[PDB]
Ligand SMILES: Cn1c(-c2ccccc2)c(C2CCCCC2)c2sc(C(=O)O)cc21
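Shown next as structure tokens: one chain only, the form deposited without this ligand.
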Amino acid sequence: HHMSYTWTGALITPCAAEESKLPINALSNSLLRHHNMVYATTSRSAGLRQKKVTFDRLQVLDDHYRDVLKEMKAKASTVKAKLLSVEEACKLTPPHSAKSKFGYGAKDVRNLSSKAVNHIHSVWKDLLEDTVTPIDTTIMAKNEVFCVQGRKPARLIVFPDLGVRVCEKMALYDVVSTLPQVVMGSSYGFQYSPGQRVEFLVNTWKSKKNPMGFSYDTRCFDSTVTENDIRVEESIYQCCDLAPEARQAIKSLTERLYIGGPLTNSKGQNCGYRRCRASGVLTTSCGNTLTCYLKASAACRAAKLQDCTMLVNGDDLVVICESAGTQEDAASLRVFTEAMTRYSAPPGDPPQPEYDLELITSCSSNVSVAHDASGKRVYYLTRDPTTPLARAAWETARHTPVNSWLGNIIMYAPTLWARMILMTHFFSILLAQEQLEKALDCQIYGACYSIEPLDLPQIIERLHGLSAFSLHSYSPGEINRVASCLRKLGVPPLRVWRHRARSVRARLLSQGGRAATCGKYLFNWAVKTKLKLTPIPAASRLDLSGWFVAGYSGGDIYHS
């Protein structure tokens, strides 16, 4: 059998005590009252996950598959990519990346200490000399926060040692950063800020005489990825103009790490063996994106979809095409699904044809409509606020390595719920500790950034434009979704938030400087007598390079 996993019976074990119930402090009730709805996943559900993700993969590859692949390799052949030096790779490591098993940590790597650097050189040398020995990985259960829907089992994270991760950056950081946009062009989702994503989708939608669209949800995508898929990815990478040392490092990491390897729990026991995508390597995002695009492109051909345009972000897939009527479309999607299945990517929820752009969810998000200061209709990116709000409830009472609320304000700044609930609540908390100036870690497209909350108005103006501070008259469908979420979690109604916001705003203005700019721009929506919002001079000085270039989820990337 071609099983995604084989297991020894050893348990996936935790690294510390794990909390599953929402921690509660004196601030918790100001955000939500239904605490029993928020939970975190733990290793206790890791066995249930192992069950779901362990299956036999069969793959039948036809001429559409090979045709798309040759086209992809033709574009990949135009890419020239460079090896990073050790210092460069080290400086890309998150400060609290998991320490090495060889007696150094992420801080020693970042500081280029002799023990970290020497070992990295020794790992590199071993990669060039040995192209067969499977590389050990650690398997963990992720602790992630959700609202009961009741419970999702914990996801599994599979990752190699810190020295190897630095070596992966050296060989592949420039490749995974530049190749997907070259191969997939306008279809590569991670090149877009949220506004550009919205622009791409709307323009694509308008470019069809009779538009039809659908999202495609692969069942446990990482588990569907076969040895073939992973060797196909390597062959694409090798199309690049690369140093012969990078060629050798990439071959080696493919053979020894990417295709598969033994799994070790946190106690050092052998848990079994992986034959599918490792969720915590540098190539996780790029590999998944390339493989999802290959399979989907070939499936579009197989299904004879007319004038199909895709948007792919890792395992996340949206297709927009020419409609041929409701019946022909439902038929086409069934053929598309069959093709995908034959390629090892069967669906979770079966895909359905959609005739309203606003109702297509991709990357957990949708397009919606609001109005700017001049009353002009404006499209913007939004999402169901449930998960953002559950994580904020958790982050309200617990410090966490990644502040999802901050990532969410940045990505969803134009939304009704980010502005009325998240900015209000978190600025209120930060004021009360005078922690406005304290840099916080967050993630955007899987890479980690250290961000000062006082820089939000400028960050938002750079990413979303001044209109993100001006939007009004949101759509009934959006207002109803937000209101439904507030009922579910026991969040105070929007009117309470408006009230609180006038207070937060007044408090920030009182502080002058950057704090007062936050009060001015972020909360201008809260007062009847609205201030005049002008371009912020600090905004045009922001080094927002690399922000929306590529996706690095699982990839251990720090861009600060």
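Numbering starts at 1 and follows the sequence shown. So that the term is clear: the rigid core is the largest set of C-alpha atoms that superpose within 1.5 Å between two forms.
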Continuity check for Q149 and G150, given as deposited residues lacking coordinates between them
4 to 9
Please compare 295-303 with 241-249 and say which has the higher mean C-alpha temperature factor in the record.
241-249
Out of 43-51 and 59-67, which stretch has the higher average CA B-factor listed in the record?
43-51
Which of these, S428, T309, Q191, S364, has its C-alpha atom at the highest B-factor, as the entry lists it?
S364
Which of these, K376, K75, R197, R342, has its C-alpha atom at the highest B-factor, as the entry lists it?
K376
Per the entry's values, where does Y216 land by CA temperature factor relative to the rest of its chain, in the lowest, middle or highest third?
lowest
Just say lowest, middle or highest third for the CA B-factor of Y474 relative to the other modelled residues in its chain.
highest
On the chain's distribution of Cα B-factors, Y380 falls within the third called middle
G446: CA temperature factor from the record, placed by chain third, in the middle
By its CA B factor, does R419 count among the lowest, middle or highest third of the modelled residues in the chain?
lowest
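The next section is about a form of this same protein that is not shown, the form solved in complex with this ligand.
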Clash check, this ligand transplanted in the bound PDB entry by site C-alpha superposition, 2.4 Å backbone/C-beta
blocked
Looking at 76-84, 116-124, 415-423, 334-342, which stretch has residues with any non-hydrogen atom within 4.5 Å of this ligand in the bound PDB entry?
415-423
Contact residue in the bound PDB entry, from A392, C167, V176, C276 (heavy atom within 4.5 Å of this ligand)
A392
This ligand: the contacting residue among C90, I250, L430, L489 in the bound PDB entry [heavy atom, 4.5 Å]:
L489
Does this ligand get within 4.5 angstroms of any non-hydrogen atom of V38 in the bound PDB entry?
yes
Answer with yes or no whether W497 is in contact with this ligand in the bound PDB entry, where contact means some heavy atom within 4.5 Å.
yes
Heavy atom of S100 within 4.5 Å of this ligand in the bound PDB entry
no
For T137, is any heavy atom within 4.5 Å of this ligand in the bound PDB entry, or not?
no
Superpose on the core and compare between this form and the one not shown; which one of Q435, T78, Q352, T326 crosses the 2 Å Cα shift mark?
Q435
Rigid core superposed: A506 CA moves 2 Å or more between this form and the one not shown
yes
After fitting the core, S450 CA displacement of 2 Å or more between this form and the one not shown:
yes
Is_shifted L69 between this form and the one not shown (CA, 2 Å cut-off, rigid core)
no
